[PDB]
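Visitor: Just entry-v8.txt, nothing more (compact mmCIF, N, CA and C atoms and all ligand atoms):
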```txt
# COMPACT_ATOMS: atom_id res chain seq x y z
N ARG P 19 36.56 -36.47 158.51
CA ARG P 19 37.71 -35.54 158.78
C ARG P 19 38.85 -35.81 157.78
N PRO P 20 38.60 -36.33 156.53
CA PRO P 20 39.64 -36.99 155.74
C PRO P 20 40.75 -36.04 155.25
N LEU P 21 41.87 -36.61 154.82
CA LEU P 21 43.06 -35.92 154.24
C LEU P 21 43.13 -36.25 152.74
N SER P 22 42.84 -35.29 151.85
CA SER P 22 42.91 -35.45 150.37
C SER P 22 44.37 -35.28 149.90
N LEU P 23 44.62 -35.81 148.70
CA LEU P 23 45.93 -35.87 147.99
C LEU P 23 46.64 -34.51 148.04
N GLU P 24 45.94 -33.43 147.66
CA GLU P 24 46.56 -32.09 147.47
C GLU P 24 47.50 -31.76 148.65
N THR P 25 47.10 -32.03 149.90
CA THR P 25 47.92 -31.76 151.12
C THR P 25 49.17 -32.65 151.12
N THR P 26 48.96 -33.97 151.01
CA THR P 26 50.02 -35.02 150.97
C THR P 26 51.07 -34.68 149.92
N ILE P 27 50.63 -34.31 148.71
CA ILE P 27 51.52 -34.06 147.53
C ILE P 27 52.29 -32.76 147.76
N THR P 28 51.63 -31.68 148.20
CA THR P 28 52.26 -30.36 148.50
C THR P 28 53.33 -30.56 149.57
N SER P 29 53.03 -31.37 150.57
CA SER P 29 53.96 -31.73 151.67
C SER P 29 55.20 -32.43 151.11
N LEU P 30 55.01 -33.37 150.18
CA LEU P 30 56.12 -34.08 149.49
C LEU P 30 56.93 -33.07 148.68
N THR P 31 56.27 -32.16 147.97
CA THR P 31 56.92 -31.12 147.13
C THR P 31 57.86 -30.29 148.01
N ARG P 32 57.47 -29.98 149.24
CA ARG P 32 58.32 -29.16 150.14
C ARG P 32 59.55 -29.97 150.57
N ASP P 33 59.41 -31.29 150.73
CA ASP P 33 60.51 -32.23 151.06
C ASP P 33 61.47 -32.41 149.88
N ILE P 34 60.93 -32.52 148.67
CA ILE P 34 61.73 -32.78 147.44
C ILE P 34 62.44 -31.51 146.98
N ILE P 35 61.74 -30.39 146.87
CA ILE P 35 62.31 -29.16 146.27
C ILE P 35 63.00 -28.36 147.37
N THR P 36 64.25 -28.72 147.62
CA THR P 36 65.13 -28.08 148.61
C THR P 36 66.03 -27.10 147.87
N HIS P 37 66.79 -26.30 148.61
CA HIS P 37 67.92 -25.51 148.07
C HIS P 37 68.74 -26.41 147.16
N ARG P 38 69.09 -27.64 147.57
CA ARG P 38 70.03 -28.50 146.80
C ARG P 38 69.43 -28.87 145.46
N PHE P 39 68.11 -29.04 145.41
CA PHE P 39 67.37 -29.29 144.14
C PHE P 39 67.53 -28.08 143.20
N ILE P 40 67.25 -26.87 143.69
CA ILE P 40 67.36 -25.61 142.90
C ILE P 40 68.81 -25.41 142.45
N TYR P 41 69.78 -25.75 143.30
CA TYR P 41 71.23 -25.65 143.01
C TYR P 41 71.55 -26.44 141.74
N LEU P 42 71.02 -27.65 141.63
CA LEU P 42 71.27 -28.53 140.46
C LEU P 42 70.65 -27.91 139.23
N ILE P 43 69.41 -27.41 139.35
CA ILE P 43 68.66 -26.85 138.20
C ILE P 43 69.44 -25.65 137.69
N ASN P 44 69.84 -24.77 138.59
CA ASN P 44 70.51 -23.50 138.22
C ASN P 44 71.81 -23.83 137.50
N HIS P 45 72.53 -24.84 137.97
CA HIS P 45 73.77 -25.32 137.31
C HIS P 45 73.48 -25.74 135.86
N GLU P 46 72.55 -26.69 135.63
CA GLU P 46 72.21 -27.18 134.27
C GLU P 46 71.80 -26.00 133.39
N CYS P 47 71.12 -25.00 133.94
CA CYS P 47 70.63 -23.81 133.19
C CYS P 47 71.81 -23.03 132.62
N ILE P 48 72.87 -22.82 133.40
CA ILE P 48 74.04 -22.03 132.92
C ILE P 48 74.89 -22.94 132.04
N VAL P 49 75.23 -24.11 132.56
CA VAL P 49 76.16 -25.07 131.90
C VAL P 49 75.67 -25.37 130.49
N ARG P 50 74.37 -25.53 130.27
CA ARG P 50 73.79 -25.93 128.96
C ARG P 50 72.97 -24.78 128.35
N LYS P 51 72.96 -23.60 128.96
CA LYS P 51 72.33 -22.35 128.45
C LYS P 51 70.91 -22.63 127.97
N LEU P 52 70.07 -23.14 128.85
CA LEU P 52 68.73 -23.62 128.51
C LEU P 52 67.79 -22.44 128.33
N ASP P 53 66.81 -22.56 127.44
CA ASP P 53 65.64 -21.65 127.40
C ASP P 53 64.60 -22.14 128.43
N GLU P 54 63.52 -21.37 128.59
CA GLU P 54 62.42 -21.63 129.55
C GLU P 54 61.89 -23.05 129.35
N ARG P 55 61.67 -23.45 128.11
CA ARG P 55 60.97 -24.73 127.81
C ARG P 55 61.88 -25.87 128.28
N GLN P 56 63.17 -25.75 128.02
CA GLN P 56 64.18 -26.78 128.38
C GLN P 56 64.37 -26.81 129.89
N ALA P 57 64.47 -25.64 130.52
CA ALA P 57 64.68 -25.54 131.98
C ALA P 57 63.48 -26.18 132.67
N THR P 58 62.27 -25.85 132.23
CA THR P 58 61.03 -26.39 132.82
C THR P 58 61.06 -27.92 132.71
N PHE P 59 61.41 -28.44 131.54
CA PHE P 59 61.47 -29.90 131.31
C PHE P 59 62.44 -30.51 132.32
N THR P 60 63.66 -29.98 132.38
CA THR P 60 64.73 -30.44 133.30
C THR P 60 64.21 -30.38 134.73
N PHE P 61 63.52 -29.30 135.09
CA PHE P 61 62.91 -29.12 136.42
C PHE P 61 61.97 -30.29 136.70
N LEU P 62 61.05 -30.60 135.80
CA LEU P 62 60.02 -31.63 136.06
C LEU P 62 60.63 -33.03 136.00
N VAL P 63 61.56 -33.29 135.08
CA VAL P 63 62.25 -34.60 135.04
C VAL P 63 62.82 -34.88 136.45
N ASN P 64 63.53 -33.93 137.04
CA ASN P 64 64.22 -34.12 138.34
C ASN P 64 63.17 -34.24 139.44
N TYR P 65 62.09 -33.46 139.40
CA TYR P 65 60.99 -33.58 140.38
C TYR P 65 60.40 -34.99 140.32
N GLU P 66 59.94 -35.41 139.15
CA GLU P 66 59.29 -36.73 138.96
C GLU P 66 60.19 -37.86 139.47
N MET P 67 61.50 -37.81 139.20
CA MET P 67 62.43 -38.87 139.66
C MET P 67 62.47 -38.87 141.20
N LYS P 68 62.66 -37.72 141.82
CA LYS P 68 62.79 -37.65 143.29
C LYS P 68 61.48 -38.10 143.93
N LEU P 69 60.35 -37.81 143.28
CA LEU P 69 59.02 -38.22 143.77
C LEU P 69 58.93 -39.75 143.72
N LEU P 70 59.18 -40.31 142.54
CA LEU P 70 59.12 -41.76 142.30
C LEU P 70 60.03 -42.47 143.31
N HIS P 71 61.27 -42.02 143.47
CA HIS P 71 62.24 -42.61 144.44
C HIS P 71 61.66 -42.56 145.85
N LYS P 72 60.74 -41.65 146.16
CA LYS P 72 60.30 -41.41 147.55
C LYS P 72 59.06 -42.25 147.88
N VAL P 73 58.10 -42.36 146.96
CA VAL P 73 56.77 -42.97 147.24
C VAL P 73 56.58 -44.28 146.46
N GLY P 74 57.56 -44.68 145.65
CA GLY P 74 57.49 -45.88 144.82
C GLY P 74 56.40 -45.81 143.76
N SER P 75 56.29 -46.86 142.96
CA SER P 75 55.54 -46.92 141.68
C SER P 75 54.05 -46.62 141.90
N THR P 76 53.36 -47.31 142.80
CA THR P 76 51.87 -47.32 142.78
C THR P 76 51.39 -45.92 143.16
N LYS P 77 51.99 -45.28 144.16
CA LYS P 77 51.61 -43.90 144.55
C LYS P 77 52.03 -42.90 143.46
N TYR P 78 53.22 -43.05 142.88
CA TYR P 78 53.68 -42.19 141.78
C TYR P 78 52.59 -42.12 140.71
N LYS P 79 52.07 -43.26 140.30
CA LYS P 79 51.05 -43.33 139.23
C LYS P 79 49.76 -42.64 139.71
N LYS P 80 49.41 -42.74 141.00
CA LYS P 80 48.20 -42.09 141.57
C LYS P 80 48.38 -40.58 141.45
N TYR P 81 49.52 -40.08 141.94
CA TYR P 81 49.84 -38.64 142.06
C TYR P 81 49.94 -38.03 140.65
N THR P 82 50.55 -38.71 139.68
CA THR P 82 50.67 -38.17 138.30
C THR P 82 49.27 -38.08 137.66
N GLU P 83 48.40 -39.06 137.84
CA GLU P 83 47.03 -39.02 137.25
C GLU P 83 46.21 -37.95 138.00
N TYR P 84 46.49 -37.73 139.28
CA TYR P 84 45.85 -36.66 140.09
C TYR P 84 46.29 -35.28 139.57
N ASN P 85 47.56 -35.11 139.22
CA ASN P 85 48.11 -33.84 138.69
C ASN P 85 47.51 -33.52 137.32
N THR P 86 47.30 -34.53 136.47
CA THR P 86 46.76 -34.32 135.10
C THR P 86 45.40 -33.66 135.24
N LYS P 87 44.67 -33.99 136.31
CA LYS P 87 43.25 -33.62 136.50
C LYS P 87 43.15 -32.32 137.30
N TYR P 88 44.00 -32.11 138.31
CA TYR P 88 43.88 -30.99 139.28
C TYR P 88 45.14 -30.10 139.32
N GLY P 89 46.18 -30.38 138.54
CA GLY P 89 47.34 -29.48 138.37
C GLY P 89 48.12 -29.24 139.66
N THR P 90 48.32 -30.29 140.44
CA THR P 90 48.91 -30.28 141.81
C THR P 90 50.46 -30.40 141.79
N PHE P 91 51.07 -30.62 140.62
CA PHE P 91 52.56 -30.67 140.51
C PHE P 91 53.11 -29.25 140.46
N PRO P 92 54.26 -29.01 141.12
CA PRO P 92 54.87 -27.68 141.17
C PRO P 92 55.36 -27.22 139.80
N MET P 93 55.35 -25.91 139.61
CA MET P 93 55.91 -25.20 138.43
C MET P 93 57.04 -24.30 138.91
N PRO P 94 58.15 -24.22 138.15
CA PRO P 94 59.26 -23.35 138.52
C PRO P 94 59.03 -21.90 138.09
N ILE P 95 59.50 -20.95 138.88
CA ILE P 95 59.58 -19.51 138.52
C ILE P 95 61.03 -19.23 138.13
N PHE P 96 61.28 -18.87 136.87
CA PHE P 96 62.62 -18.55 136.33
C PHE P 96 62.75 -17.05 136.15
N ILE P 97 63.94 -16.50 136.35
CA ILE P 97 64.25 -15.13 135.86
C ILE P 97 65.39 -15.24 134.87
N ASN P 98 65.50 -14.28 133.96
CA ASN P 98 66.50 -14.25 132.87
C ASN P 98 67.58 -13.22 133.23
N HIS P 99 68.79 -13.71 133.56
CA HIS P 99 69.99 -12.88 133.69
C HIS P 99 70.78 -12.94 132.38
N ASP P 100 70.34 -12.27 131.33
CA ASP P 100 71.14 -12.04 130.10
C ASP P 100 71.27 -13.36 129.33
N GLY P 101 70.21 -14.15 129.25
CA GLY P 101 70.19 -15.40 128.45
C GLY P 101 70.47 -16.62 129.30
N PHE P 102 70.85 -16.41 130.57
CA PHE P 102 71.06 -17.46 131.58
C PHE P 102 69.92 -17.44 132.60
N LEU P 103 69.16 -18.53 132.68
CA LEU P 103 67.98 -18.60 133.57
C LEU P 103 68.42 -18.99 134.97
N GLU P 104 67.72 -18.46 135.95
CA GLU P 104 67.85 -18.81 137.38
C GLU P 104 66.46 -19.18 137.89
N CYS P 105 66.31 -20.32 138.55
CA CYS P 105 65.06 -20.70 139.24
C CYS P 105 65.11 -20.09 140.63
N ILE P 106 64.12 -19.27 140.97
CA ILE P 106 64.09 -18.45 142.21
C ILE P 106 62.94 -18.89 143.11
N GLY P 107 62.21 -19.91 142.69
CA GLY P 107 61.17 -20.53 143.53
C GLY P 107 60.21 -21.37 142.70
N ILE P 108 59.10 -21.76 143.33
CA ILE P 108 58.07 -22.66 142.75
C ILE P 108 56.68 -22.14 143.11
N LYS P 109 55.71 -22.34 142.21
CA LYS P 109 54.27 -22.46 142.54
C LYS P 109 54.01 -23.91 142.92
N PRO P 110 53.79 -24.27 144.20
CA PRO P 110 53.65 -25.68 144.59
C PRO P 110 52.48 -26.41 143.90
N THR P 111 51.38 -25.71 143.64
CA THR P 111 50.18 -26.19 142.87
C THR P 111 49.59 -25.03 142.07
N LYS P 112 48.51 -25.28 141.34
CA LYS P 112 47.72 -24.28 140.57
C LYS P 112 47.24 -23.15 141.49
N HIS P 113 46.76 -23.51 142.67
CA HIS P 113 45.93 -22.70 143.59
C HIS P 113 46.78 -21.98 144.64
N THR P 114 48.05 -22.36 144.80
CA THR P 114 48.88 -21.95 145.97
C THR P 114 49.85 -20.86 145.53
N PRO P 115 50.14 -19.85 146.39
CA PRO P 115 51.07 -18.79 146.03
C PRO P 115 52.52 -19.30 145.96
N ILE P 116 53.35 -18.57 145.24
CA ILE P 116 54.78 -18.86 145.01
C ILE P 116 55.53 -18.93 146.35
N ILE P 117 56.47 -19.86 146.45
CA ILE P 117 57.53 -19.92 147.50
C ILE P 117 58.88 -19.57 146.85
N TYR P 118 59.57 -18.56 147.38
CA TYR P 118 60.90 -18.14 146.89
C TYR P 118 61.98 -19.00 147.55
N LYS P 119 63.09 -19.19 146.84
CA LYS P 119 64.35 -19.86 147.25
C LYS P 119 64.65 -19.58 148.72
N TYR P 120 64.57 -18.32 149.17
CA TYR P 120 64.96 -17.93 150.55
C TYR P 120 64.10 -18.68 151.59
N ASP P 121 62.99 -19.32 151.18
CA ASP P 121 61.98 -19.90 152.09
C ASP P 121 61.89 -21.42 151.89
N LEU P 122 62.76 -22.00 151.05
CA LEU P 122 62.83 -23.46 150.81
C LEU P 122 63.79 -24.08 151.83
N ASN P 123 63.64 -25.38 152.08
CA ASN P 123 64.50 -26.10 153.06
C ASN P 123 65.92 -26.14 152.51
N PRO P 124 66.97 -26.14 153.38
CA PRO P 124 68.34 -26.32 152.89
C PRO P 124 68.48 -27.66 152.12
CL CL U 1 54.94 -18.36 150.70
```
Represent the structure from my file as structure tokens, please.
Guide:
Amino acid sequence: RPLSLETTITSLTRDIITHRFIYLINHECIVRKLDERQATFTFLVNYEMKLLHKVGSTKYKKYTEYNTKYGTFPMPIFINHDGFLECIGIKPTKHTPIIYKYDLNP
């Protein structure tokens, strides 16, 4: 009846990527006028830190090597308001449909 990583990691992603997480990303996007490549980088830097802070080193290394192989780390969905990007949700994994900002935890 086992529980594989994909569930555990997606569950962590829902805990980490809150409204307050998106708030910070959206700020850096306007303040520093980032393109998609820069915003994505900033998005993943902040995800990886919050993940590491939550599960510590040994699990972090498990989950990152699991993502390299099965693409289980979230990707941001950005829209362009006139050269200023806004993150409006995430694809939690490769296989899972998008979650919009309105449906993320406060
Ligand atoms: Cl959904």
Visitor: Would you give me, as a Markdown table, each residue of chain P having an atom within 9 Å of an atom of ligand CL 1 (chain U), along with its shortest atom pair and that distance in Å to one decimal, using only C-alpha atoms and all ligand atoms and sorting by chain and residue number?
Guide:
```
| residue | atom | partner | partner_atom | distance |
| --- | --- | --- | --- | --- |
| P:114 | CA | U:CL1 | CL | 8.5 |
| P:115 | CA | U:CL1 | CL | 6.1 |
| P:116 | CA | U:CL1 | CL | 5.7 |
| P:117 | CA | U:CL1 | CL | 4.4 |
| P:118 | CA | U:CL1 | CL | 7.1 |
| P:121 | CA | U:CL1 | CL | 7.3 |
```
Visitor: Out of P:98, P:90, P:58, P:123, which residue has the shortest atom-to-atom distance to residue 26 of chain P when counting only C-alpha atoms?
Guide: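 The closest residue to residue 26 of chain P is P:90.
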Visitor: Atom C of residue 36 of chain P and atom CA of residue 65 of chain P are how many Å apart?
Guide: 11.1 Å
Visitor: Can you tell me which residues surround residue 105 of chain P at a distance of at most 6.5 Å, considering all atoms listed in the file, apart from same-chain residues fewer than 5 positions away, and format the answer as a ChimeraX atom specification?
Guide: /P:40,43-44,94-97
Visitor: Looking at P:42, P:27, P:57, P:49, which one is nearest to residue 91 of chain P, with distances taken over only N, CA and C atoms?
Guide: P:27
Visitor: Which one of P:122, P:21, P:30, P:35 sits closest to residue 72 of chain P if you count only C-alpha atoms?
Guide: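 Counting only C-alpha atoms, the residue closest to residue 72 of chain P is P:30.
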Visitor: Check the smallest atom-to-atom distance from each of P:92, P:63, P:51, P:120 to residue 31 of chain P using only N, CA and C atoms, then report the winner.
Guide: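 Distance minimum relative to residue 31 of chain P lands on P:92.
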Visitor: How many Å lie between atom CA of residue 87 of chain P and atom CA of residue 62 of chain P, rounded to one decimal?
Guide: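 Calculated distance between atom CA of residue 87 of chain P and atom CA of residue 62 of chain P is 16.9 Å.
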Visitor: One decimal, in Å: what's the spacing between atom N of residue 46 of chain P and atom N of residue 111 of chain P?
Guide: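 Distance reported for this atom pair: 22.7 Å.
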Visitor: Residues of chain P in strand (DSSP E) according to DSSP, as a PyMOL selection string?
Guide: chain P and resi 93-99+102-109+117-118
Visitor: DSSP on the backbone, helix (DSSP H, G or I) only: what residues of chain P does that give? Format it as an MDAnalysis selection string.
Guide: chainID P and resid 23:34 37:49 54:88 119:121
Visitor: Rank P:23, P:103, P:69, P:93 by their smallest atom-to-atom distance to residue 47 of chain P, using only C-alpha atoms, and report the top residue only.
Guide: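 Nearest candidate to residue 47 of chain P out of P:23, P:103, P:69, P:93: P:103.
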Visitor: Compare P:29, P:113, P:22, P:102 by their minimum atom-to-atom distance to residue 45 of chain P, counting only C-alpha atoms, and give me the closest one.
Guide: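 Closest residue, counting only C-alpha atoms: P:102.
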